[PDB]
């Protein structure tokens, strides 16, 4: 087995011209890459080149209007960049933003290709800006184009349309964009774990609740696991994987796993408020490696404590490389509301999955 890694410092050029301290910082990716060097993980990986996604590739998931509007920002004056950015929910834009989003996407396409052609078994993508909040027709939540969603469709474009792709989204935020793009689609199983707080947590929509199970032929293929009323950590995420994520995923039998890997559920994250440990992420990564004959691609999404995300994503890469997984405490009692959450999701999805019955 070989593990691929893609990283390009050019993606640091996307920046906030009006608030240089905005948490979606350029140094998120450079700090993660540096940690891979410090831990001697980088040389253990096969380096995969970044590339620009093409406009035709963006059209796999996004409208021509949305593509054209974001493209138009590459040469805008500051005043217009500011005005355009303010038209979205939680977006900043610089002249380099469009190109960086193209690079984030193209890097993941190259990574998916390396996996599917057999050049590597699995891979990690240290990319920014993030993607999972980006919708077909709009930008949102620091995201312009939906990198993971696009990567699923790209993967299908070089194998077959119905290639089974599992997207596991453990960013602490709901991937509203990914849900919507695949809501009526039974070829892409979307499973998100996220803080919800009955709608008080970003992005503040009931679309993130457990009863949104998908639409039409996609009924059953959208699994929301929403957290309420508690500081969740390793026990809760481990239980969700044991009762929900893994039984459903095994029954789906994916041919490729994409992880929307935000590390903002990590201990120390200022936006997330949760306490998943780097061993917790390691455990989750090792679990997903049991699927799809190990074909797993880990795509950076959110995560804003620089030391936390650096250590957390490095531990995931360590697992992909075959290092020994952590033994954690599966007997620690869950926060009471987490049990309620897991039970609500189980009730919602039992009609669609025999493994839950």
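Residue numbers count along the first chain shown, from 1.
The stretch 50-58 shows the higher mean C-alpha B-factor when 50-58 is compared against 293-301 in the entry. When the mean C-alpha temperature factors of 156-164 and 190-198 are read from the deposited coordinates, 156-164 comes out higher. In this entry, the residue among 128, 286, 132, 77 with the greatest C-alpha B factor is 77.
Per the PDB entry, 87 shows the highest C-alpha temperature factor of the residues 184, 269, 87, 169. Ranked by Cα temperature factor within the chain, residue 242 sits in the highest third according to the deposited record. In the PDB entry, a CA B factor belonging to the lowest third of its chain's modelled residues is recorded for residue 226. Residue-level temperature factors show residue 312 in the lowest third of its chain, judged at the C-alpha atom. Looking at the C-alpha B-factors along this chain, the one for residue 345 belongs to the middle third.
When the modelled residues of the chain are ordered by their C-alpha B factor, residue 40 lands in the highest third.
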